[PDB]
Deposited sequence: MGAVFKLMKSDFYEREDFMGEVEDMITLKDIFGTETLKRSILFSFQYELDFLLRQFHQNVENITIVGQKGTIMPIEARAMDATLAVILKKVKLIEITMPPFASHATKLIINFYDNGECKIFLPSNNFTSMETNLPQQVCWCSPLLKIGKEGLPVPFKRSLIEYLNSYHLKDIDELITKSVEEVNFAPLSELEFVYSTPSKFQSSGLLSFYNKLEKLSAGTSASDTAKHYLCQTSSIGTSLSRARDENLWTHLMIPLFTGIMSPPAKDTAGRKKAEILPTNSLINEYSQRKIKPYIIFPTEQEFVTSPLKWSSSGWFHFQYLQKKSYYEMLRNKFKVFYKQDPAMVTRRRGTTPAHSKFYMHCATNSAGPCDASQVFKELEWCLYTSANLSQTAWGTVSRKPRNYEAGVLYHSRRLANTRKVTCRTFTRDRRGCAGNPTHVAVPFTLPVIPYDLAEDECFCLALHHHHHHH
């Protein structure tokens, strides 16, 4: 089956888990297709076995760092000849955030991964990272159309590039995706033909058809307000309201929402590092570079999330490992849970994705997303046997999902805790 693994780190594991060598380093690997926001070519190509025939790399123009002559050796020069680059040109303020690997092995086997890390050395080892791993797939003629496959093909087509169509989509078309029949592939694309993002994700959740209702988000970036005039958060103001049916598609004042959440017993969570959590991290402030929440210009937005929605949660400092401490995770998870502690062990659904909590990644009801984003959805109603999505934490390390934060999470202590602000 599909499985979540924690990325090994060159700093946290000196002496389950995965590495890029595990993924690219096997001699049965014939062809590898990559999607990332950023690539350190010499770090990446050192992960491959001599036997690989083709490495196709999709990325944003100006994000692939070439190998400099002085970094070359005999070995890299051989692997380098097998690399084909597909350059995407993006609008300003848009990112090719998607992280995706599609591997082809010797016996017509095929495996798919969503790493949360871009293919750079520091990003791989500093913040905590996870990698979702598909079940093994076979090149074979296909019967039932699989939703996961269908969505992965529309996403590939939304690039509208001839090179993707020929070098990628055609190979992916030959693969039989039956083992992924329970799961969904959810994505964002700036393409104006294909719909995506929040809009399309809402429809999917509606389509899959009393108690306390928990919605949680773990993210390395948190966008600013949706509106220049009032204070409006993507998650508290638009996403959760959509999913709970508080609003329908044809935004409410903050105060109405607070009453609605109290009356419907909605509990929102955003997990994002405190100021203090870096003090208790082994590498200290080393992984802070990746966590982005600029709230110094608009203090009332932050105060609102922190004080009125009481939205912020942090690691349980008792339950984390000594080797990883309170280092934050750069993975993104969005999840929903209904309780009639053990909260988040059984889920209505869980989305694991490269989309941050921002309008750039998701769009809104009216705006299209600006980014490319990719992810996988686990929904209760699409499960074959269980009828509930199971989740566990890597910190106690056989479930559907595994998450790199602790379970439970602990509310920010309103007397002391503050979101980490990169501006300081």
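Residues 1, 17-23, 218-223, 265-275, 366-372, 430-436, 464-470 of the deposited sequence have no C-alpha coordinates in the structure.
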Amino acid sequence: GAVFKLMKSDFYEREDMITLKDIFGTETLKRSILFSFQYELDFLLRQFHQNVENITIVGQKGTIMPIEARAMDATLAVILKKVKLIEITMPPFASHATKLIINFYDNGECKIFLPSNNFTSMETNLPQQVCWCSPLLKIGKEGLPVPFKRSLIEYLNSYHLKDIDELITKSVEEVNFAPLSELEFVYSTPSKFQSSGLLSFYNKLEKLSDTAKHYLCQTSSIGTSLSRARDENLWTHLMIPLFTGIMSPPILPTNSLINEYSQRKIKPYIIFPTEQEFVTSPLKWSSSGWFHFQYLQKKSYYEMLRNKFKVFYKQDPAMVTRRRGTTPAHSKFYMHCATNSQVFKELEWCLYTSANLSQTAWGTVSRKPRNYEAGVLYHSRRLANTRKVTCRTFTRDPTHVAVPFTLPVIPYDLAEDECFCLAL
From here on, numbers count along this sequence of modelled residues.
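Comparing 384-392 with 367-375, the stretch with the higher mean C-alpha B-factor in the PDB entry is 384-392. A summary of the deposited B-factors shows that, of 252-260 and 147-155, the stretch with the larger mean C-alpha value is 252-260. Of the residues listed, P179, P268, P317, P127, the entry assigns the biggest Cα temperature factor to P317. Of the candidates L234, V343, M335, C131, the PDB record gives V343 the highest C-alpha temperature factor. Among the modelled residues of the chain, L414 sits in the highest third by CA temperature factor in this PDB entry. Looking at the C-alpha B-factors along this chain, the one for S116 belongs to the lowest third.
In this PDB entry, the Cα temperature factor of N51 sits in the top third of its chain's modelled residues, the highest group.
Annotation for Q60: C-alpha temperature factor in the middle third relative to the rest of the modelled chain, per the entry.
Residue-level temperature factors show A361 in the lowest third of its chain, judged at the C-alpha atom.
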